[PDB]
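Asker: Sharing data_17.cif here; it has mmCIF, N, CA, C and O atoms; chains and numbers go by the auth columns.
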data_protein
loop_
_atom_site.group_PDB
_atom_site.id
_atom_site.type_symbol
_atom_site.label_atom_id
_atom_site.label_comp_id
_atom_site.label_asym_id
_atom_site.label_seq_id
_atom_site.Cartn_x
_atom_site.Cartn_y
_atom_site.Cartn_z
_atom_site.B_iso_or_equiv
_atom_site.auth_seq_id
_atom_site.auth_asym_id
ATOM 1 N N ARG A 1 327.647 175.655 171.867 0.00 1001 A
ATOM 2 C CA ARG A 1 328.418 176.780 171.282 0.00 1001 A
ATOM 3 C C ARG A 1 329.788 176.160 170.998 0.00 1001 A
ATOM 4 O O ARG A 1 330.368 175.552 171.882 0.00 1001 A
ATOM 5 N N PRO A 2 330.275 176.263 169.746 0.00 1002 A
ATOM 6 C CA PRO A 2 331.608 175.707 169.445 0.00 1002 A
ATOM 7 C C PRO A 2 332.666 176.391 170.314 0.00 1002 A
ATOM 8 O O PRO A 2 332.626 177.630 170.522 0.00 1002 A
ATOM 9 N N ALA A 3 333.647 175.610 170.718 0.00 1003 A
ATOM 10 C CA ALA A 3 334.740 176.141 171.544 0.00 1003 A
ATOM 11 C C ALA A 3 335.495 177.291 170.908 0.00 1003 A
ATOM 12 O O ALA A 3 335.973 178.164 171.636 0.00 1003 A
ATOM 13 N N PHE A 4 335.589 177.345 169.571 0.00 1004 A
ATOM 14 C CA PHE A 4 336.359 178.434 168.990 0.00 1004 A
ATOM 15 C C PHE A 4 335.711 179.822 169.263 0.00 1004 A
ATOM 16 O O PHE A 4 336.377 180.820 169.129 0.00 1004 A
ATOM 17 N N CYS A 5 334.433 179.849 169.587 0.00 1005 A
ATOM 18 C CA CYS A 5 333.663 181.073 169.891 0.00 1005 A
ATOM 19 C C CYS A 5 334.186 181.773 171.148 0.00 1005 A
ATOM 20 O O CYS A 5 333.947 182.967 171.328 0.00 1005 A
ATOM 21 N N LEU A 6 334.901 181.035 172.002 0.00 1006 A
ATOM 22 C CA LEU A 6 335.600 181.630 173.156 0.00 1006 A
ATOM 23 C C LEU A 6 336.973 182.234 172.882 0.00 1006 A
ATOM 24 O O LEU A 6 337.495 182.869 173.760 0.00 1006 A
ATOM 25 N N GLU A 7 337.552 182.074 171.675 0.00 1007 A
ATOM 26 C CA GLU A 7 338.847 182.675 171.351 0.00 1007 A
ATOM 27 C C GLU A 7 338.816 184.178 171.391 0.00 1007 A
ATOM 28 O O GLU A 7 337.850 184.819 170.915 0.00 1007 A
ATOM 29 N N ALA A 8 339.916 184.743 171.867 0.00 1008 A
ATOM 30 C CA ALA A 8 340.122 186.161 171.720 0.00 1008 A
ATOM 31 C C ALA A 8 340.295 186.507 170.228 0.00 1008 A
ATOM 32 O O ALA A 8 340.810 185.715 169.445 0.00 1008 A
ATOM 33 N N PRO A 9 339.864 187.700 169.826 0.00 1009 A
ATOM 34 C CA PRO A 9 340.020 188.043 168.429 0.00 1009 A
ATOM 35 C C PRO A 9 341.508 188.178 168.102 0.00 1009 A
ATOM 36 O O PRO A 9 342.319 188.622 168.958 0.00 1009 A
ATOM 37 N N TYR A 10 341.830 187.831 166.881 0.00 1010 A
ATOM 38 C CA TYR A 10 343.189 187.715 166.421 0.00 1010 A
ATOM 39 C C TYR A 10 343.424 188.566 165.172 0.00 1010 A
ATOM 40 O O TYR A 10 343.058 188.203 164.032 0.00 1010 A
ATOM 41 N N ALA A 11 344.047 189.716 165.371 0.00 1011 A
ATOM 42 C CA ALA A 11 344.330 190.618 164.227 0.00 1011 A
ATOM 43 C C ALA A 11 345.342 190.014 163.260 0.00 1011 A
ATOM 44 O O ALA A 11 345.243 190.211 162.042 0.00 1011 A
ATOM 45 N N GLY A 12 346.243 189.187 163.802 0.00 1012 A
ATOM 46 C CA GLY A 12 347.359 188.649 163.039 0.00 1012 A
ATOM 47 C C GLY A 12 348.402 189.670 162.633 0.00 1012 A
ATOM 48 O O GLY A 12 348.308 190.855 162.978 0.00 1012 A
ATOM 49 N N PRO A 13 349.358 189.241 161.791 0.00 1013 A
ATOM 50 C CA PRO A 13 350.561 190.068 161.551 0.00 1013 A
ATOM 51 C C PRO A 13 350.468 190.943 160.313 0.00 1013 A
ATOM 52 O O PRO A 13 351.411 191.745 160.009 0.00 1013 A
ATOM 53 N N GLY A 14 349.369 190.812 159.553 0.00 1014 A
ATOM 54 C CA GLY A 14 349.193 191.604 158.354 0.00 1014 A
ATOM 55 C C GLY A 14 348.989 193.100 158.526 0.00 1014 A
ATOM 56 O O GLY A 14 348.637 193.605 159.626 0.00 1014 A
ATOM 57 N N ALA A 15 349.185 193.809 157.400 0.00 1015 A
ATOM 58 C CA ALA A 15 349.179 195.250 157.387 0.00 1015 A
ATOM 59 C C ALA A 15 347.902 195.800 156.787 0.00 1015 A
ATOM 60 O O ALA A 15 347.786 196.981 156.630 0.00 1015 A
ATOM 61 N N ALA A 16 346.917 194.965 156.454 0.00 1016 A
ATOM 62 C CA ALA A 16 345.671 195.516 155.919 0.00 1016 A
ATOM 63 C C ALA A 16 344.891 195.952 157.137 0.00 1016 A
ATOM 64 O O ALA A 16 345.288 195.711 158.263 0.00 1016 A
ATOM 65 N N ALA A 17 343.823 196.693 156.937 0.00 1017 A
ATOM 66 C CA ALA A 17 343.010 197.088 158.076 0.00 1017 A
ATOM 67 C C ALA A 17 341.571 196.757 157.661 0.00 1017 A
ATOM 68 O O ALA A 17 340.843 197.615 157.250 0.00 1017 A
ATOM 69 N N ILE A 18 341.208 195.475 157.741 0.00 1018 A
ATOM 70 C CA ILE A 18 339.895 194.974 157.305 0.00 1018 A
ATOM 71 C C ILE A 18 338.964 194.849 158.505 0.00 1018 A
ATOM 72 O O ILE A 18 339.267 194.140 159.474 0.00 1018 A
ATOM 73 N N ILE A 19 337.766 195.400 158.396 0.00 1019 A
ATOM 74 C CA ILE A 19 336.798 195.197 159.461 0.00 1019 A
ATOM 75 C C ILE A 19 336.159 193.802 159.380 0.00 1019 A
ATOM 76 O O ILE A 19 335.602 193.384 158.340 0.00 1019 A
ATOM 77 N N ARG A 20 336.282 193.076 160.472 0.00 1020 A
ATOM 78 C CA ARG A 20 335.747 191.736 160.588 0.00 1020 A
ATOM 79 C C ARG A 20 334.997 191.685 161.909 0.00 1020 A
ATOM 80 O O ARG A 20 334.990 192.655 162.665 0.00 1020 A
ATOM 81 N N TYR A 21 334.280 190.567 162.126 0.00 1021 A
ATOM 82 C CA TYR A 21 333.482 190.387 163.364 0.00 1021 A
ATOM 83 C C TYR A 21 333.933 189.125 164.114 0.00 1021 A
ATOM 84 O O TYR A 21 334.300 188.119 163.487 0.00 1021 A
ATOM 85 N N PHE A 22 333.929 189.216 165.436 0.00 1022 A
ATOM 86 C CA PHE A 22 334.138 188.073 166.322 0.00 1022 A
ATOM 87 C C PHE A 22 333.023 187.969 167.348 0.00 1022 A
ATOM 88 O O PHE A 22 332.328 188.971 167.653 0.00 1022 A
ATOM 89 N N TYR A 23 332.813 186.764 167.824 0.00 1023 A
ATOM 90 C CA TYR A 23 331.840 186.555 168.886 0.00 1023 A
ATOM 91 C C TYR A 23 332.524 186.758 170.231 0.00 1023 A
ATOM 92 O O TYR A 23 333.525 186.085 170.564 0.00 1023 A
ATOM 93 N N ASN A 24 331.993 187.728 170.974 0.00 1024 A
ATOM 94 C CA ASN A 24 332.443 188.057 172.317 0.00 1024 A
ATOM 95 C C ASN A 24 331.500 187.384 173.319 0.00 1024 A
ATOM 96 O O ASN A 24 330.370 187.884 173.601 0.00 1024 A
ATOM 97 N N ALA A 25 331.927 186.206 173.811 0.00 1025 A
ATOM 98 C CA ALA A 25 331.027 185.370 174.590 0.00 1025 A
ATOM 99 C C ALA A 25 330.640 186.072 175.894 0.00 1025 A
ATOM 100 O O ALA A 25 329.482 185.991 176.314 0.00 1025 A
ATOM 101 N N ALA A 26 331.581 186.789 176.480 0.00 1026 A
ATOM 102 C CA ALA A 26 331.305 187.492 177.771 0.00 1026 A
ATOM 103 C C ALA A 26 330.253 188.602 177.577 0.00 1026 A
ATOM 104 O O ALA A 26 329.402 188.826 178.447 0.00 1026 A
ATOM 105 N N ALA A 27 330.308 189.258 176.406 0.00 1027 A
ATOM 106 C CA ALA A 27 329.329 190.284 176.052 0.00 1027 A
ATOM 107 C C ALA A 27 328.034 189.742 175.489 0.00 1027 A
ATOM 108 O O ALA A 27 327.044 190.481 175.375 0.00 1027 A
ATOM 109 N N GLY A 28 327.975 188.454 175.167 0.00 1028 A
ATOM 110 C CA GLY A 28 326.856 187.893 174.403 0.00 1028 A
ATOM 111 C C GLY A 28 326.576 188.605 173.064 0.00 1028 A
ATOM 112 O O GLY A 28 325.428 188.814 172.670 0.00 1028 A
ATOM 113 N N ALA A 29 327.636 189.055 172.394 0.00 1029 A
ATOM 114 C CA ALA A 29 327.470 189.954 171.226 0.00 1029 A
ATOM 115 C C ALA A 29 328.566 189.681 170.187 0.00 1029 A
ATOM 116 O O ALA A 29 329.693 189.360 170.584 0.00 1029 A
ATOM 117 N N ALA A 30 328.241 189.918 168.909 0.00 1030 A
ATOM 118 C CA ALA A 30 329.214 189.950 167.863 0.00 1030 A
ATOM 119 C C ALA A 30 329.765 191.368 167.837 0.00 1030 A
ATOM 120 O O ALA A 30 328.977 192.314 167.903 0.00 1030 A
ATOM 121 N N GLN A 31 331.092 191.527 167.790 0.00 1031 A
ATOM 122 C CA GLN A 31 331.724 192.861 167.778 0.00 1031 A
ATOM 123 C C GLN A 31 332.725 192.998 166.672 0.00 1031 A
ATOM 124 O O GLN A 31 333.367 192.038 166.286 0.00 1031 A
ATOM 125 N N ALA A 32 332.853 194.201 166.125 0.00 1032 A
ATOM 126 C CA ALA A 32 333.787 194.431 165.041 0.00 1032 A
ATOM 127 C C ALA A 32 335.234 194.434 165.587 0.00 1032 A
ATOM 128 O O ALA A 32 335.500 194.862 166.747 0.00 1032 A
ATOM 129 N N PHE A 33 336.177 193.989 164.773 0.00 1033 A
ATOM 130 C CA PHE A 33 337.614 194.074 165.108 0.00 1033 A
ATOM 131 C C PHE A 33 338.402 194.301 163.806 0.00 1033 A
ATOM 132 O O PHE A 33 337.861 194.108 162.700 0.00 1033 A
ATOM 133 N N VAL A 34 339.638 194.790 163.938 0.00 1034 A
ATOM 134 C CA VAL A 34 340.489 194.959 162.720 0.00 1034 A
ATOM 135 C C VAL A 34 341.318 193.655 162.476 0.00 1034 A
ATOM 136 O O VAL A 34 342.062 193.141 163.380 0.00 1034 A
ATOM 137 N N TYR A 35 341.185 193.117 161.269 0.00 1035 A
ATOM 138 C CA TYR A 35 341.919 191.938 160.830 0.00 1035 A
ATOM 139 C C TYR A 35 342.981 192.448 159.820 0.00 1035 A
ATOM 140 O O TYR A 35 342.656 193.217 158.901 0.00 1035 A
ATOM 141 N N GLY A 36 344.228 192.008 159.970 0.00 1036 A
ATOM 142 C CA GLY A 36 345.307 192.450 159.095 0.00 1036 A
ATOM 143 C C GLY A 36 345.374 191.770 157.746 0.00 1036 A
ATOM 144 O O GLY A 36 346.220 192.116 156.911 0.00 1036 A
ATOM 145 N N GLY A 37 344.483 190.800 157.475 0.00 1037 A
ATOM 146 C CA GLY A 37 344.374 190.221 156.112 0.00 1037 A
ATOM 147 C C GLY A 37 345.091 188.871 155.915 0.00 1037 A
ATOM 148 O O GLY A 37 344.945 188.226 154.855 0.00 1037 A
ATOM 149 N N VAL A 38 345.836 188.427 156.926 0.00 1038 A
ATOM 150 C CA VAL A 38 346.470 187.112 156.907 0.00 1038 A
ATOM 151 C C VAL A 38 346.423 186.438 158.256 0.00 1038 A
ATOM 152 O O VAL A 38 346.352 187.095 159.291 0.00 1038 A
ATOM 153 N N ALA A 39 346.588 185.105 158.236 0.00 1039 A
ATOM 154 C CA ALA A 39 346.677 184.294 159.463 0.00 1039 A
ATOM 155 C C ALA A 39 345.417 184.376 160.303 0.00 1039 A
ATOM 156 O O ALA A 39 345.481 184.348 161.530 0.00 1039 A
ATOM 157 N N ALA A 40 344.252 184.349 159.630 0.00 1040 A
ATOM 158 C CA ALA A 40 342.988 184.344 160.368 0.00 1040 A
ATOM 159 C C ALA A 40 342.883 183.120 161.291 0.00 1040 A
ATOM 160 O O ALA A 40 343.300 182.015 160.945 0.00 1040 A
ATOM 161 N N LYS A 41 342.279 183.334 162.459 0.00 1041 A
ATOM 162 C CA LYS A 41 341.733 182.242 163.312 0.00 1041 A
ATOM 163 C C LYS A 41 340.208 182.067 163.129 0.00 1041 A
ATOM 164 O O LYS A 41 339.593 182.726 162.335 0.00 1041 A
ATOM 165 N N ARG A 42 339.614 181.082 163.770 0.00 1042 A
ATOM 166 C CA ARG A 42 338.238 180.746 163.462 0.00 1042 A
ATOM 167 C C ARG A 42 337.208 181.742 163.966 0.00 1042 A
ATOM 168 O O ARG A 42 336.153 181.903 163.355 0.00 1042 A
ATOM 169 N N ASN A 43 337.503 182.471 165.056 0.00 1043 A
ATOM 170 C CA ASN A 43 336.543 183.486 165.516 0.00 1043 A
ATOM 171 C C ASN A 43 336.710 184.822 164.760 0.00 1043 A
ATOM 172 O O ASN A 43 337.224 185.862 165.260 0.00 1043 A
ATOM 173 N N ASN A 44 336.319 184.746 163.489 0.00 1044 A
ATOM 174 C CA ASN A 44 336.620 185.762 162.503 0.00 1044 A
ATOM 175 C C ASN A 44 335.589 185.581 161.358 0.00 1044 A
ATOM 176 O O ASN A 44 335.655 184.582 160.631 0.00 1044 A
ATOM 177 N N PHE A 45 334.630 186.513 161.293 0.00 1045 A
ATOM 178 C CA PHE A 45 333.501 186.450 160.402 0.00 1045 A
ATOM 179 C C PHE A 45 333.344 187.747 159.560 0.00 1045 A
ATOM 180 O O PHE A 45 333.811 188.839 159.949 0.00 1045 A
ATOM 181 N N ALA A 46 332.676 187.622 158.407 0.00 1046 A
ATOM 182 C CA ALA A 46 332.419 188.757 157.506 0.00 1046 A
ATOM 183 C C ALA A 46 331.411 189.743 158.061 0.00 1046 A
ATOM 184 O O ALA A 46 331.410 190.923 157.670 0.00 1046 A
ATOM 185 N N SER A 47 330.541 189.301 158.961 0.00 1047 A
ATOM 186 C CA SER A 47 329.444 190.133 159.466 0.00 1047 A
ATOM 187 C C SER A 47 329.046 189.713 160.867 0.00 1047 A
ATOM 188 O O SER A 47 329.321 188.575 161.272 0.00 1047 A
ATOM 189 N N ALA A 48 328.327 190.588 161.578 0.00 1048 A
ATOM 190 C CA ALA A 48 327.760 190.245 162.892 0.00 1048 A
ATOM 191 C C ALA A 48 326.806 189.045 162.781 0.00 1048 A
ATOM 192 O O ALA A 48 326.813 188.146 163.616 0.00 1048 A
ATOM 193 N N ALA A 49 325.982 189.048 161.721 0.00 1049 A
ATOM 194 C CA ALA A 49 325.037 187.971 161.488 0.00 1049 A
ATOM 195 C C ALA A 49 325.713 186.606 161.321 0.00 1049 A
ATOM 196 O O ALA A 49 325.176 185.599 161.799 0.00 1049 A
ATOM 197 N N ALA A 50 326.849 186.539 160.637 0.00 1050 A
ATOM 198 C CA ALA A 50 327.519 185.240 160.441 0.00 1050 A
ATOM 199 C C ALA A 50 328.122 184.723 161.784 0.00 1050 A
ATOM 200 O O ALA A 50 328.045 183.534 162.153 0.00 1050 A
ATOM 201 N N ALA A 51 328.684 185.668 162.527 0.00 1051 A
ATOM 202 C CA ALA A 51 329.193 185.410 163.919 0.00 1051 A
ATOM 203 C C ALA A 51 328.111 184.855 164.825 0.00 1051 A
ATOM 204 O O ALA A 51 328.295 183.841 165.473 0.00 1051 A
ATOM 205 N N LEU A 52 326.951 185.515 164.858 0.00 1052 A
ATOM 206 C CA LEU A 52 325.870 185.072 165.716 0.00 1052 A
ATOM 207 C C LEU A 52 325.317 183.701 165.310 0.00 1052 A
ATOM 208 O O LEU A 52 324.932 182.854 166.174 0.00 1052 A
ATOM 209 N N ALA A 53 325.259 183.456 164.010 0.00 1053 A
ATOM 210 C CA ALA A 53 324.697 182.206 163.515 0.00 1053 A
ATOM 211 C C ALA A 53 325.572 181.012 163.933 0.00 1053 A
ATOM 212 O O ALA A 53 325.080 179.930 164.187 0.00 1053 A
ATOM 213 N N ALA A 54 326.890 181.202 163.928 0.00 1054 A
ATOM 214 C CA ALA A 54 327.851 180.165 164.371 0.00 1054 A
ATOM 215 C C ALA A 54 327.929 179.972 165.859 0.00 1054 A
ATOM 216 O O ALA A 54 328.114 178.834 166.359 0.00 1054 A
ATOM 217 N N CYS A 55 327.866 181.083 166.577 0.00 1055 A
ATOM 218 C CA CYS A 55 328.294 181.113 167.977 0.00 1055 A
ATOM 219 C C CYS A 55 327.203 181.454 168.983 0.00 1055 A
ATOM 220 O O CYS A 55 327.424 181.299 170.192 0.00 1055 A
ATOM 221 N N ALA A 56 326.092 182.019 168.557 0.00 1056 A
ATOM 222 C CA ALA A 56 325.149 182.526 169.570 0.00 1056 A
ATOM 223 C C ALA A 56 324.236 181.388 169.921 0.00 1056 A
ATOM 224 O O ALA A 56 323.848 180.507 169.082 0.00 1056 A
#
Represent the structure of the file as structure tokens.

Answerer:
Amino acid sequence: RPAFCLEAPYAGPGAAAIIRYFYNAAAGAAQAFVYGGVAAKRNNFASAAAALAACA
């Protein structure tokens, strides 16, 4: 499992309210989070499926 899959989700400083997915390693699950539209980190995916494919 890539190390970035352990990062906490990062909304960043933007003002958009975009639904994105992160891998929650403790939950063994991809979960939705709000991304502000800038300054993304790597644990940040378009869908649950893309999160799981990278990290599960």

Asker: Residues within 8 Å of residue 1055 (chain A), please, as JSON, numbers by chain. Count all atoms listed in the file; anything in the same chain fewer than 4 positions from it doesn't count.

Answerer: {"A": [1001, 1002, 1004, 1005, 1006, 1023, 1024, 1025, 1028, 1048, 1049, 1050, 1051]}

Asker: In Å, rounded to a single decimal, give me how far CA of residue 1036 (chain A) is from atom O of residue 1056 (chain A).

Answerer: 26.5 Å

Asker: DSSP says strand (DSSP E) for which residues of chain A? Put them as an mmCIF file with N, CA, C and O atoms, in the frame of the given file?

Answerer:
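Saved file part-v7.cif follows:
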data_model
loop_
_atom_site.group_PDB
_atom_site.id
_atom_site.type_symbol
_atom_site.label_atom_id
_atom_site.label_comp_id
_atom_site.auth_asym_id
_atom_site.auth_seq_id
_atom_site.Cartn_x
_atom_site.Cartn_y
_atom_site.Cartn_z
ATOM 1 N N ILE A 1018 341.208 195.475 157.741
ATOM 2 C CA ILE A 1018 339.895 194.974 157.305
ATOM 3 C C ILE A 1018 338.964 194.849 158.505
ATOM 4 O O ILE A 1018 339.267 194.140 159.474
ATOM 5 N N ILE A 1019 337.766 195.400 158.396
ATOM 6 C CA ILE A 1019 336.798 195.197 159.461
ATOM 7 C C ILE A 1019 336.159 193.802 159.380
ATOM 8 O O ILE A 1019 335.602 193.384 158.340
ATOM 9 N N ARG A 1020 336.282 193.076 160.472
ATOM 10 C CA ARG A 1020 335.747 191.736 160.588
ATOM 11 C C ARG A 1020 334.997 191.685 161.909
ATOM 12 O O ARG A 1020 334.990 192.655 162.665
ATOM 13 N N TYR A 1021 334.280 190.567 162.126
ATOM 14 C CA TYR A 1021 333.482 190.387 163.364
ATOM 15 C C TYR A 1021 333.933 189.125 164.114
ATOM 16 O O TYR A 1021 334.300 188.119 163.487
ATOM 17 N N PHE A 1022 333.929 189.216 165.436
ATOM 18 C CA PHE A 1022 334.138 188.073 166.322
ATOM 19 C C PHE A 1022 333.023 187.969 167.348
ATOM 20 O O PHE A 1022 332.328 188.971 167.653
ATOM 21 N N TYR A 1023 332.813 186.764 167.824
ATOM 22 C CA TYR A 1023 331.840 186.555 168.886
ATOM 23 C C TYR A 1023 332.524 186.758 170.231
ATOM 24 O O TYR A 1023 333.525 186.085 170.564
ATOM 25 N N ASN A 1024 331.993 187.728 170.974
ATOM 26 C CA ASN A 1024 332.443 188.057 172.317
ATOM 27 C C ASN A 1024 331.500 187.384 173.319
ATOM 28 O O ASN A 1024 330.370 187.884 173.601
ATOM 29 N N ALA A 1029 327.636 189.055 172.394
ATOM 30 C CA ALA A 1029 327.470 189.954 171.226
ATOM 31 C C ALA A 1029 328.566 189.681 170.187
ATOM 32 O O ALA A 1029 329.693 189.360 170.584
ATOM 33 N N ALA A 1030 328.241 189.918 168.909
ATOM 34 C CA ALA A 1030 329.214 189.950 167.863
ATOM 35 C C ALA A 1030 329.765 191.368 167.837
ATOM 36 O O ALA A 1030 328.977 192.314 167.903
ATOM 37 N N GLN A 1031 331.092 191.527 167.790
ATOM 38 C CA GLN A 1031 331.724 192.861 167.778
ATOM 39 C C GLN A 1031 332.725 192.998 166.672
ATOM 40 O O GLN A 1031 333.367 192.038 166.286
ATOM 41 N N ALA A 1032 332.853 194.201 166.125
ATOM 42 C CA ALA A 1032 333.787 194.431 165.041
ATOM 43 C C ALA A 1032 335.234 194.434 165.587
ATOM 44 O O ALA A 1032 335.500 194.862 166.747
ATOM 45 N N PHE A 1033 336.177 193.989 164.773
ATOM 46 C CA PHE A 1033 337.614 194.074 165.108
ATOM 47 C C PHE A 1033 338.402 194.301 163.806
ATOM 48 O O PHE A 1033 337.861 194.108 162.700
ATOM 49 N N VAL A 1034 339.638 194.790 163.938
ATOM 50 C CA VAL A 1034 340.489 194.959 162.720
ATOM 51 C C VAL A 1034 341.318 193.655 162.476
ATOM 52 O O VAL A 1034 342.062 193.141 163.380
ATOM 53 N N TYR A 1035 341.185 193.117 161.269
ATOM 54 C CA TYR A 1035 341.919 191.938 160.830
ATOM 55 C C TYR A 1035 342.981 192.448 159.820
ATOM 56 O O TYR A 1035 342.656 193.217 158.901
#

Asker: So that I can check the secondary structure, give me every residue of chain A assigned alpha helix (DSSP H) by backbone DSSP, as a list in words.

Answerer: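 Taking chain A and keeping alpha helix (DSSP H) gives residues 1048, 1049, 1050, 1051, 1052, 1053, 1054 and 1055 of chain A.
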
Asker: Measuring atom to atom with all atoms listed in the file, identify which of A:1026, A:1017, A:1003, A:1009 is nearest to residue 1043 (chain A).

Answerer: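 That would be A:1009, the residue with the smallest distance to residue 1043 (chain A).
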
Asker: Which distance in Å separates atom O of residue 1035 (chain A) and CA of residue 1016 (chain A), to one decimal?

Answerer: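 It comes out at 4.8 Å.
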
Asker: For a quick check of your reading of the model, name the residues lying within 5 Å of the coordinate (334.4, 184.5, 165.5), counting all atoms listed in the file, and write them as a ChimeraX atom specification.

Answerer: /A:1021-1023,1042-1045

Asker: Write a file of the selected residues as a short mmCIF file (atom, residue, chain, number, x, y, z; two decimals), keeping the file's coordinate frame, keeping N, CA, C and O atoms.

Answerer:
data_model
loop_
_atom_site.label_atom_id
_atom_site.label_comp_id
_atom_site.auth_asym_id
_atom_site.auth_seq_id
_atom_site.Cartn_x
_atom_site.Cartn_y
_atom_site.Cartn_z
N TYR A 1021 334.28 190.57 162.13
CA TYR A 1021 333.48 190.39 163.36
C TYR A 1021 333.93 189.12 164.11
O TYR A 1021 334.30 188.12 163.49
N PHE A 1022 333.93 189.22 165.44
CA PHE A 1022 334.14 188.07 166.32
C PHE A 1022 333.02 187.97 167.35
O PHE A 1022 332.33 188.97 167.65
N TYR A 1023 332.81 186.76 167.82
CA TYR A 1023 331.84 186.56 168.89
C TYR A 1023 332.52 186.76 170.23
O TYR A 1023 333.52 186.08 170.56
N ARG A 1042 339.61 181.08 163.77
CA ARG A 1042 338.24 180.75 163.46
C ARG A 1042 337.21 181.74 163.97
O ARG A 1042 336.15 181.90 163.35
N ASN A 1043 337.50 182.47 165.06
CA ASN A 1043 336.54 183.49 165.52
C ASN A 1043 336.71 184.82 164.76
O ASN A 1043 337.22 185.86 165.26
N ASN A 1044 336.32 184.75 163.49
CA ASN A 1044 336.62 185.76 162.50
C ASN A 1044 335.59 185.58 161.36
O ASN A 1044 335.66 184.58 160.63
N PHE A 1045 334.63 186.51 161.29
CA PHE A 1045 333.50 186.45 160.40
C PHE A 1045 333.34 187.75 159.56
O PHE A 1045 333.81 188.84 159.95
#

Asker: Go ahead and compute the interatomic distance for atom O of residue 1052 (chain A) and atom O of residue 1015 (chain A), in Å to one decimal.

Answerer: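 Atom O of residue 1015 (chain A) lies at a distance of 28.5 Å from atom O of residue 1052 (chain A).
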
Asker: When distances are computed from all atoms listed in the file, which of A:1053, A:1014, A:1019, A:1008 shows the smallest separation from residue 1037 (chain A)?

Answerer: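 Of the candidates, the smallest distance to residue 1037 (chain A) is held by A:1014.
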
Asker: Can you tell me, as lines of an AutoDock Vina configuration file, the centre and edge lengths (Å, one decimal) of the axis-aligned box enclosing all of region 1030-1046 of chain A's listed atoms after padding each side by 6 Å?

Answerer:
center_x = 337.5
center_y = 187.9
center_z = 161.9
size_x = 30.4
size_y = 26.2
size_z = 26.1

Asker: What would the selection look like, as a list in words, if the PyMOL selection byres ((chain A and resi 1012) around 5) were run on the coordinates I just shared?

Answerer: residues 1010, 1011, 1013, 1014, 1038 and 1039 of chain A
